[PDB]
Amino acid sequence: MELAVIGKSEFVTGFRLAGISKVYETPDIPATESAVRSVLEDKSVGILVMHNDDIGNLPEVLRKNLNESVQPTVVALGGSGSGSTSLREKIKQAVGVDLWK
């Protein structure tokens, strides 16, 4: 298997040293499509790894599409990491309105 990564430039410069890790650089959200063209075929070659720091830009666009097209191993970095959530509640009694309705 090969090593495919999609992040910044400085990222590829680090791995390029050992030559044992192919990393890309997608500074712009639109330019990302460029690297995706080479990944569409290099996705089933080994392990893939991207950075949500650029992918997140396309939620309902990418995150949504890949959500079901996540065939290969797209290791996305970031996105969640370590955060929290929330909750809610109702009144219940409100249902009484459905009685008169």
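Looking at the PDB entry, one finds the chain named V-type ATP synthase subunit F and attributed to Methanosarcina mazei. Regarding the chain, the relevant UniProt record gives this comment under Subunit: "Has multiple subunits, A(3), B(3), C, D, E, F, G, I and K(x); there may be a few other subunits as well." UniProt's Sequence similarities comment on the chain is quoted here verbatim: "Belongs to the V-ATPase F subunit family."

Before we move on, could you go through the sheet that holds strand 2 (residues 22-25) and cite the residues and values that matter?
Ordered by their spatial adjacency, four strands build an open sheet running 2-1-3-4, and the pairing between neighbours is parallel. At either end of the open sheet lies a strand with only one pairing partner, and these are strand 2 and strand 4 (74-77). Sheet twist, expressed as the average angle between the axes of neighbouring strands with direction ignored, equals 20°. Note: strand 3 (residues 47-51) against strand 4, four bridges, orientation parallel. Its bridge partner lying in strand 4, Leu48 is registered against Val74. Contacts between helix 2 (residues 32-42) and the sheet are confined to strand 1 (3-7), strand 2 and strand 3, with strand 2 contributing the most and set at about 155° to the helix.

Run through the environment of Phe15, naming residues and quoting values.
The topology assignment puts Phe15 in helix 1 (residues 9-18). Those residues in contact with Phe15 that sit more than four places away from it in its chain are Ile20, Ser21 and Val23.

For the layout of surface pockets, give the residues involved together with the corresponding values.
Over the atoms rolls a probe the size of a water molecule, and in doing so it shows where empty space is left. Here the largest pocket defines a volume of roughly 340 Å³. Lining the largest pocket are 13 residues, and of these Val36, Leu62, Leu66, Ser69 and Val74 sit closest to its centre. Of all the secondary-structure elements, those providing two or more residues to the lining of the largest pocket are helix 2 and helix 4 (59-69). Per-element accounting of the lining of the largest pocket gives the leading share, five residues, to helix 4.

How would you summarise a nonpolar patch on the surface if you had to cite specific residues and measurements?
Together, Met1, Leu3, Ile47 and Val75 line one region of the surface with nonpolar side chains, adding up to about 380 Å² of accessible area. Relative to the helices and strands, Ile47 resides in strand 3.

What counts and how
- These residue numbers run from 1 along each chain by written sequence and may not equal the entry numbers. Residues without coordinates are not shown.
- Hydrogens and water molecules were not included; the side-chain quantities draw on all heavy atoms of the structure.
- UniProt positions are given in the numbering used here, feature names are shortened, and annotations may be inferred rather than shown by experiment.
- A pair of strands is labelled paired if DSSP reports no fewer than 2 bridges between them.
- Put simply, DSSP marks the helices as runs of H or I at least four residues long and the strands as runs of E at least two long, and each gets a number from the N terminus on.
- For helices, the axis comes from a line fit to the C-alpha atoms of the stretch in contact; other axes are also lines fit to C-alpha atoms, and the angle between any two N-to-C directions lies between 0 and 180 degrees.
- What makes two residues a contact is simply this: any of their non-hydrogen atoms within 4.5 Å.
- Definitions used throughout: a 1 Å grid over protein atoms alone; a cavity as a set of points that fits a 1.4 Å probe which cannot get out; a pocket as an open set with protein on both sides within 12 Å along at least five of seven lines; a lining residue as one with an atom within 4 Å of a point.
- Grid points are joined across faces, edges and corners, and a volume is the space filled by probe spheres set on the points.
- Each patch is built from residues that are more than 30% exposed by relative accessible area and take part in no salt bridge. Like charges join if they lie within 9 Å; nonpolar side chains (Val, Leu, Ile, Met, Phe, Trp, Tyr) join within 5 Å.
- Here the Shrake-Rupley method, with its probe set to 1.4 Å, supplies the accessible areas, and only the displayed protein chains count as covering residues.
- One speaks of a salt bridge when a side-chain nitrogen belonging to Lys or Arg is within 4 Å of a carboxyl oxygen belonging to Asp or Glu.

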